[PDB]
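Enquirer: Can you keep this structure in mind? I'll have questions shortly.
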Amino acid sequence: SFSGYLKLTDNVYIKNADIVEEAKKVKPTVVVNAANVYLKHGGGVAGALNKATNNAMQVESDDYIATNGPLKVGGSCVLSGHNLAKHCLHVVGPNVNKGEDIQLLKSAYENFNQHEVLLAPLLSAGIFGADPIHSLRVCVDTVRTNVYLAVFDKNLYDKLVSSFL
Ligand SMILES: CC(C)NC(=O)N(C)[C@H]1CCS(=O)(=O)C1
């Protein structure tokens, strides 16, 4: 199962790891993607997960959007996990750089509650522009299922652990 994680709460765990390498190693039931409403996996976690699938995630995602239209900010969809996981839960956190409501971050984390265990990044962190400390706080106060957070940046990981209330 998951190894090397620091336990933050009863159900939240955290590790300084590349989520792509972590997914290839564990092959979890669910890997969370930091998706946008269009499922255009260009950069950040989405670009990295998509590149690891040899673009199969993007091909599947374009068919999903052609059939269903865009997701809502705060929403999600379950697609294949390809070579990384059984499923990928594409979750749209608000992008502060796009002027999206940070209050939608709790709605985005609520999607995790539909899955017993997930490998995930911090929603709205990185290129989405939100404060990762705030994202971790919303995660622990919203997610009740078992979440294993992978934080790519060592310096941010140390700051998140050392400042965790
Ligand atoms: C069976 C899965 C989808 N749901 C799940 O594990 N739940 C969300 C439980 C975790 C604690 S609770 O929120 O009280 C009920």
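In the structure tokens, each chain is lettered A, B, ... as it comes, each chain's residues begin at 1, and ligands are numbered from 1 in order of appearance.
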Using only C-alpha atoms and all ligand atoms, what table do you get, as CSV, when you list each residue of chain A with an atom no more than 9 Å from ligand 1, its nearest pair of atoms, and their distance in Å rounded to one decimal, rows by chain then rising number?
Expert:
```
residue,atom,partner,partner_atom_place_in_ligand_line,distance
A:112,CA,ligand 1,8 (C),8.4
A:113,CA,ligand 1,8 (C),4.8
A:114,CA,ligand 1,3 (C),4.2
A:115,CA,ligand 1,3 (C),4.6
A:116,CA,ligand 1,6 (O),4.5
A:117,CA,ligand 1,6 (O),8.0
A:143,CA,ligand 1,13 (O),7.9
A:144,CA,ligand 1,13 (O),5.0
A:145,CA,ligand 1,10 (C),4.9
A:146,CA,ligand 1,6 (O),8.1
```
Enquirer: DSSP on the backbone: which residues in chain A end up as helix (DSSP H, G or I)? Give the answer as a PyMOL selection string.
Expert: chain A and resi 19-26+44-52+56-68+96-98+104-114+126-128+132-142+154-163
Enquirer: Restricting the output to C-alpha atoms, write the selected residues as a JSON list (two decimals), in the first residue's frame.
Expert:
```json
[["chain", "number", "residue", "atom", "x", "y", "z"],
["A", 19, "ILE", "CA", 2.37, 12.19, -7.81],
["A", 20, "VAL", "CA", 3.21, 10.57, -11.22],
["A", 21, "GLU", "CA", 5.98, 8.46, -9.66],
["A", 22, "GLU", "CA", 3.78, 7.73, -6.68],
["A", 23, "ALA", "CA", 0.87, 6.60, -8.92],
["A", 24, "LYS", "CA", 3.17, 4.38, -11.07],
["A", 25, "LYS", "CA", 4.50, 2.76, -7.87],
["A", 26, "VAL", "CA", 1.27, 2.22, -5.88],
["A", 44, "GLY", "CA", 1.07, 21.42, -13.53],
["A", 45, "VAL", "CA", -0.17, 18.11, -12.15],
["A", 46, "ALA", "CA", -2.55, 17.60, -15.12],
["A", 47, "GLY", "CA", 0.17, 18.00, -17.74],
["A", 48, "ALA", "CA", 2.43, 15.64, -15.81],
["A", 49, "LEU", "CA", -0.27, 12.94, -15.33],
["A", 50, "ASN", "CA", -1.33, 13.23, -18.98],
["A", 51, "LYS", "CA", 2.29, 12.99, -20.22],
["A", 52, "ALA", "CA", 2.73, 9.80, -18.12],
["A", 56, "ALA", "CA", -4.22, 8.73, -23.57],
["A", 57, "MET", "CA", -5.75, 10.77, -20.72],
["A", 58, "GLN", "CA", -6.16, 13.79, -23.06],
["A", 59, "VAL", "CA", -7.71, 11.67, -25.87],
["A", 60, "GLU", "CA", -10.20, 10.17, -23.40],
["A", 61, "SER", "CA", -10.87, 13.61, -21.88],
["A", 62, "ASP", "CA", -11.58, 15.24, -25.25],
["A", 63, "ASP", "CA", -14.17, 12.52, -26.01],
["A", 64, "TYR", "CA", -15.71, 13.13, -22.52],
["A", 65, "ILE", "CA", -15.97, 16.91, -23.17],
["A", 66, "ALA", "CA", -17.37, 16.41, -26.68],
["A", 67, "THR", "CA", -20.18, 14.28, -25.17],
["A", 68, "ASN", "CA", -20.81, 16.07, -21.86],
["A", 96, "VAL", "CA", -7.26, 32.08, -8.39],
["A", 97, "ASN", "CA", -5.17, 33.19, -11.41],
["A", 98, "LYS", "CA", -8.50, 33.09, -13.45],
["A", 104, "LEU", "CA", -15.36, 26.72, -4.29],
["A", 105, "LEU", "CA", -12.29, 24.86, -2.92],
["A", 106, "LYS", "CA", -14.45, 23.15, -0.24],
["A", 107, "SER", "CA", -16.91, 21.98, -2.95],
["A", 108, "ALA", "CA", -13.95, 20.64, -4.95],
["A", 109, "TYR", "CA", -12.66, 18.62, -1.94],
["A", 110, "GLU", "CA", -16.18, 17.22, -1.29],
["A", 111, "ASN", "CA", -15.77, 15.13, -4.45],
["A", 112, "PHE", "CA", -13.07, 13.11, -2.61],
["A", 113, "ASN", "CA", -15.73, 11.84, -0.16],
["A", 114, "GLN", "CA", -17.21, 9.61, -2.87],
["A", 126, "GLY", "CA", 0.68, 25.32, -7.81],
["A", 127, "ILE", "CA", -0.31, 26.96, -11.07],
["A", 128, "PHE", "CA", -3.92, 27.32, -9.78],
["A", 132, "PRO", "CA", -1.28, 25.58, -0.37],
["A", 133, "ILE", "CA", -1.48, 26.01, 3.45],
["A", 134, "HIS", "CA", -5.14, 27.06, 3.01],
["A", 135, "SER", "CA", -5.72, 24.13, 0.59],
["A", 136, "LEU", "CA", -4.39, 21.62, 3.16],
["A", 137, "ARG", "CA", -6.64, 23.17, 5.86],
["A", 138, "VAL", "CA", -9.72, 22.86, 3.61],
["A", 139, "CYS", "CA", -8.68, 19.29, 2.75],
["A", 140, "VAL", "CA", -8.44, 18.13, 6.40],
["A", 141, "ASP", "CA", -11.72, 19.96, 7.29],
["A", 142, "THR", "CA", -13.68, 18.60, 4.29],
["A", 154, "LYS", "CA", 10.24, 19.62, -0.69],
["A", 155, "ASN", "CA", 10.35, 23.19, 0.63],
["A", 156, "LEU", "CA", 6.56, 23.53, 0.40],
["A", 157, "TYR", "CA", 6.14, 20.04, 1.99],
["A", 158, "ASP", "CA", 8.31, 21.14, 4.96],
["A", 159, "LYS", "CA", 6.38, 24.41, 5.30],
["A", 160, "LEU", "CA", 3.02, 22.55, 5.18],
["A", 161, "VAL", "CA", 4.06, 20.01, 7.85],
["A", 162, "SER", "CA", 5.78, 22.58, 10.14],
["A", 163, "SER", "CA", 2.81, 24.97, 10.02]]
```
Enquirer: Would you mind writing down, as a compact mmCIF listing (two decimals) with N, CA and C atoms, in the first residue's frame, each residue of stretch 10-143 of chain A that DSSP on the backbone assigns to strand (DSSP E or B)?
Expert:
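Output below, filename states.txt:
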```
# COMPACT_ATOMS: atom_id res chain seq x y z
N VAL A 12 -6.06 11.91 6.90
CA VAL A 12 -5.22 12.64 5.94
C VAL A 12 -3.76 12.33 6.18
N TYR A 13 -3.04 11.96 5.11
CA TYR A 13 -1.63 11.61 5.10
C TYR A 13 -0.91 12.47 4.07
N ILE A 14 0.39 12.73 4.27
CA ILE A 14 1.12 13.60 3.34
C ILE A 14 2.54 13.10 3.11
N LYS A 15 3.04 13.27 1.89
CA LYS A 15 4.39 12.82 1.53
C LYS A 15 4.99 13.78 0.51
N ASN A 16 6.32 13.98 0.56
CA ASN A 16 7.00 14.80 -0.44
C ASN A 16 7.29 13.82 -1.57
N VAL A 30 -7.72 5.14 -7.00
CA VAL A 30 -8.02 6.47 -7.51
C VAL A 30 -6.83 7.40 -7.38
N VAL A 31 -6.46 8.02 -8.49
CA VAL A 31 -5.54 9.13 -8.48
C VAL A 31 -6.36 10.39 -8.82
N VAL A 32 -6.20 11.47 -8.08
CA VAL A 32 -6.87 12.73 -8.35
C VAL A 32 -6.04 13.59 -9.29
N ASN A 33 -6.68 14.13 -10.32
CA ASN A 33 -6.05 15.08 -11.20
C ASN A 33 -6.53 16.48 -10.84
N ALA A 34 -5.61 17.45 -10.87
CA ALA A 34 -5.89 18.88 -10.69
C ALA A 34 -6.34 19.39 -12.06
N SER A 76 -16.36 17.39 -10.62
CA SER A 76 -15.45 16.32 -10.96
C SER A 76 -16.08 15.33 -11.92
N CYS A 77 -15.25 14.49 -12.48
CA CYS A 77 -15.71 13.34 -13.21
C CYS A 77 -14.71 12.21 -13.01
N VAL A 78 -15.18 10.98 -13.10
CA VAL A 78 -14.36 9.78 -12.99
C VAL A 78 -14.06 9.26 -14.38
N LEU A 79 -12.79 9.18 -14.72
CA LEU A 79 -12.36 8.61 -15.98
C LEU A 79 -11.33 7.47 -15.69
N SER A 80 -10.74 6.89 -16.73
CA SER A 80 -9.76 5.84 -16.55
C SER A 80 -8.52 6.41 -15.89
N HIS A 87 -8.76 4.32 -11.63
CA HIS A 87 -9.51 5.48 -12.07
C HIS A 87 -8.77 6.75 -11.82
N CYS A 88 -9.10 7.78 -12.59
CA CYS A 88 -8.64 9.11 -12.33
C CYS A 88 -9.86 9.94 -12.01
N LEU A 89 -9.85 10.57 -10.82
CA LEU A 89 -10.91 11.49 -10.46
C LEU A 89 -10.42 12.89 -10.82
N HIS A 90 -10.95 13.45 -11.90
CA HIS A 90 -10.57 14.78 -12.36
C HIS A 90 -11.36 15.77 -11.56
N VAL A 91 -10.70 16.53 -10.68
CA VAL A 91 -11.39 17.48 -9.83
C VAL A 91 -10.99 18.90 -10.18
N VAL A 117 -10.52 5.67 -0.68
CA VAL A 117 -9.11 6.02 -0.58
C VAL A 117 -8.64 6.67 -1.88
N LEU A 118 -7.84 7.73 -1.75
CA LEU A 118 -7.35 8.44 -2.94
C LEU A 118 -5.92 8.88 -2.77
N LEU A 119 -5.18 8.91 -3.89
CA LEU A 119 -3.85 9.54 -3.99
C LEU A 119 -4.17 10.90 -4.62
N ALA A 120 -3.73 12.02 -4.04
CA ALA A 120 -4.15 13.32 -4.55
C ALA A 120 -3.13 14.40 -4.40
```
